[PDB]
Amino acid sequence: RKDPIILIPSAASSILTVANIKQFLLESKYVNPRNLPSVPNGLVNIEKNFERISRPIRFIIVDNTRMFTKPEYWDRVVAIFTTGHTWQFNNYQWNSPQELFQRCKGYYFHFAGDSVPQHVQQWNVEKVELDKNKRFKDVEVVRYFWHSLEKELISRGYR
């Protein structure tokens, strides 16, 4: 069966972008986007081996929907990373957070000590907290993220 899709934000300011996503999800290190080039094509592929899943899963990670040529591709979106700007969702199949996050699992990544915006608290999104100063804490954060996503994959039939 087909590769699952993760949608992430395009704004180069966003905590996580196509520039630092692989380092974060695979190497277990947050890297500030300013210290990296921009990635114009807004696409990266990654592969992940899960404890409870037999075969490695190949993820398509995109910060845009210009390649969503068929509406059926929206069935393959297993996660959405959000910064809390609804405009991110403007060109999505489901453009309101209420509808979108009933359809796809949402994640809100931010730093501890930074207030989560009013509207984000109301959203059906899982909040994930990074440490401002202790980069070693990323290891636990990333393990937790993959544990969470694994349950989502299993629920969607990826075993």
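Quick note: we count residues from 1 along the sequence shown, nothing fancier.
> Using the B-factors recorded in the PDB entry, average over the C-alpha atoms of 30 to 38 and of 55 to 63, then report which stretch comes out higher.
Per the deposited B-factors, the answer is 30 to 38.
> Between 42 to 50 and 97 to 105, which has the larger average Cα B-factor in the PDB entry?
It is 97 to 105 that shows the higher mean C-alpha B-factor.
> Rank-wise, by C-alpha B-factor, drop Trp87 into the lowest, middle or highest third of its chain.
Highest third, going by the recorded CA B-factors of the chain.
> Ranking every modelled residue in this chain by its Cα temperature factor as given in the entry, which third contains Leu16?
According to the entry, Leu16 has a C-alpha B-factor in the chain's middle third.
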